[PDB]
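Below is one structure, written out as structure tokens; comments come after it.
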Amino acid sequence: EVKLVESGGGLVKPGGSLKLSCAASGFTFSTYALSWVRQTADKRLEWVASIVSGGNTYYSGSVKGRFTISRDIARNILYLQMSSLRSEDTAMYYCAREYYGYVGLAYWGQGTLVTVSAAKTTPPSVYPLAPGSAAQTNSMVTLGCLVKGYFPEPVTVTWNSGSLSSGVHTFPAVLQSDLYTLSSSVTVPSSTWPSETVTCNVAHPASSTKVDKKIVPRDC
Amino acid sequence: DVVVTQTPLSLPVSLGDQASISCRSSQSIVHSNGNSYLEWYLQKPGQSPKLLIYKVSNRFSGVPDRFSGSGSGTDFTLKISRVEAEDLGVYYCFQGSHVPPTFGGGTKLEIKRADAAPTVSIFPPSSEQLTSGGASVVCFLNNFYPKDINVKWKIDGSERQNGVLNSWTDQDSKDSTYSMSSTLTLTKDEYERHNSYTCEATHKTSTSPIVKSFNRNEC
Ligand SMILES: C[C@]12CC[C@H]3[C@@H](CCC4=CC(=O)CC[C@@]43C)[C@@H]1CC[C@@H]2O
């Protein structure tokens, strides 16, 4: 089974450098063409670079001379060296393997998010969201968590360590003042909470933040 | 640089119907070797793009026969027969005959379903936040269709126009609906100076807004 995994993304200042990694396995490494593709905020995809079986590398005008793709055959690691970074470089970076003979991008990794900015790294604040005064309205209670004021992206959210998956809604972060804000909600049966625990697990890799906020009934 | 133009940017389709996406290159995609490296991809919300079709009409292992591709030179098409909910996401066509290889801007496939009113919930500021000297009132508008909806905030009767942030989730595969978050943020001081907080949802399914609110004097 083909498997590609990216890493190394994070926050970097304008004009800076960064080297991304992509660990491959499941296929003979030096036989196929490996590439780097990126996706910007507007969800547009753009080829960044490729290195074919023979060794030749190829780049696009927007990046030639700043980005250098290379592969470590002994370790099955594909690299992408970035230098003289620009705000436009901000995006999700995917490594992919061709199907065969320069045909298609058959296998993609999960992608590592690279943010180019001068803004300072900032931990998110997680706030529990509990009803204010219980009364009527069916038999299902809705709860939430407000992940506010962090930078940069991304942020991970789960409920009860991933055990609570049904009826969950996690909204995309919104940027305002160099800071991001996101929320998530989970709907459970009234017969459960608060006697049964409901906790949101928020993770923000850039600042090494990992918080488990338990939803508790609001006081007076 | 072969500019690949994709249309529409968004395409509605009901379950079991057919949908077609158009992809056109500013130059021929036919290569010297006689091949045309035109491909199609699908990226579902929160996921990586996936290969569907390559060389105009060749289906990648795993892709259902419902997906067919065709065209030539500069005009290409992706047809999706008997549409299912799981087919939603953004489709992209790709050209690999000229370097640099390029992608089209993408087409978002929306699934049509019965109209559904949002399930609204309002939440007062958490103790922890108040302690920080801040106060955000959050309103969830869950599982609705169509996507267009408006949220109005009122503090003690008057609508509050500033300090609001809204966020729509992508269409959900399980029920073909959408969800939205509305957050009203003020300082702790200004918040403790008022009593009632309400958020009014204006959707197509009703001529009168759905309302949710809480009074601070209440517990
Ligand atoms: C990126 C790619 C592998 C690298 C190929 C690219 C097609 C165009 C191309 C022409 C070349 O001469 C070098 C390899 C490249 C740059 C292929 C498109 C799909 C495949 O995965």
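These numbers come from the heavy atoms of this one structure, side chains and all, not from hydrogens, waters or symmetry mates. Below, chains carry the letters A, B, ... as their sequence lines are ordered, and counting in each starts from 1.
- Side-chain contact between B:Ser196 and B:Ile155: absent, with no pair of heavy atoms (C-beta onward) separated by less than 4.5 Å.
- Residues A:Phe151 and A:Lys120 share a closest heavy-atom pair of CD2-O, 3.7 Å.
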Chi angles and distances behind the side chain to side chain contact (heavy atoms under 4.5 Å, CB included) call for A:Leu105, A:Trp47: CA-CA 11 Å; A:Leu105 294 171; A:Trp47 172 70; over 6 Å; no
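- Ring geometry for B:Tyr41 against B:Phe94 counts as perpendicular: the plane angle is over 60°, on a 0 to 90° scale with 30° as the lower cut.
- Contact check for B:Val90 versus B:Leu42: no side-chain heavy atoms found under the 4.5 Å cut-off.
- Around the OH atom of B:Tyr37, the shell of radius 6.0 Å holds more than 12 heavy atoms that belong to other residues, nucleotides or ligands.
- The two residues A:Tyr180 and A:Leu175 come nearest to each other via the heavy atoms CE2-CB, 3.6 Å.
- In terms of heavy-atom proximity, A:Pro128 sits nearest to A:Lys214 at CB-O, 4.1 Å.
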Would you please test B:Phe123 and B:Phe140 for ring-ring contact (aromatic ring centres under 6.0 Å, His included) and show each step? CA-CA 9 Å; B:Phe123 295 85; B:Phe140 293 117; 5.6 Å; yes
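- Residue B:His203 is tested with B:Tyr178, B:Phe144, B:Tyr145 for a ring-ring contact (aromatic ring centres under 6.0 Å, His included); the sole match is B:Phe144.
- Using a 4.0 Å cut-off between a side-chain N of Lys or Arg and a carboxylate O of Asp or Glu, B:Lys204 and B:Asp115 qualify as a salt bridge.
- Just one residue in the list A:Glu6, A:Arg38, A:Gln39 forms a side chain to side chain donor-acceptor pair (under 3.5 Å) with A:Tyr93, and that residue is A:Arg38.
- Annotation: cation-pi geometry satisfied between A:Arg97 and A:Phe27 (NZ/CZ under 6.0 angstrom from ring centroid, within 45° of ring axis).
- Inter-residue side-chain proximity for A:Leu20 and A:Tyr79 is flagged as unmet; no heavy-atom pair is nearer than 4.5 Å.
- Inter-residue side-chain proximity for B:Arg216 and B:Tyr191 is flagged as met; some heavy-atom pair is nearer than 4.5 Å.
- Considering all non-hydrogen atoms of both residues, A:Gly149 and A:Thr122 come closest at O-CG2, 3.5 Å.
- Between B:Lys212 and B:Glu200 there is no salt bridge, since no side-chain nitrogen of the basic residue lies less than 4.0 Å from a carboxylate oxygen of the acidic one.
- The side-chain heavy atoms of B:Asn143 and B:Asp175, taken from C-beta on, include a pair separated by under 4.5 Å.
- For A:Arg44, the CZ atom is loosely surrounded, since the number of other residues' heavy atoms within 6.0 Å does not exceed 12.
- Note on ring orientation: taking the six-membered ring where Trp is involved, the planes of B:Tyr54 and A:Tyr100 are perpendicular (angle over 60°, cut-offs 30° and 60°).
- Residues A:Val174 and A:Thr181 have side chains not in contact (no heavy-atom distance under 4.5 Å, counting atoms from C-beta outward).
- The number of heavy-atom neighbours closer than 6.0 Å to NZ of B:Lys147, taken from other residues, nucleotides and ligands shown, is above 12.
- Contact annotation: the side chain of A:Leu18 never approaches that of A:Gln81 to less than 4.5 Å [non-hydrogen atoms, C-beta and beyond].
- Around the NZ atom of B:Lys188, the shell of radius 6.0 Å holds more than 12 heavy atoms that belong to other residues, nucleotides or ligands.
- Using a 4.5 Å heavy-atom cutoff, the side chains of B:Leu109 and B:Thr107 are not in contact.
- By the 4.0 Å N-to-carboxylate-O rule, B:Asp17 lies too far from B:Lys112 to be salt-bridged with it.
- Surrounding CG of A:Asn138 are more than 12 heavy atoms belonging to other residues, nucleotides or ligands, all under 6.0 Å away.
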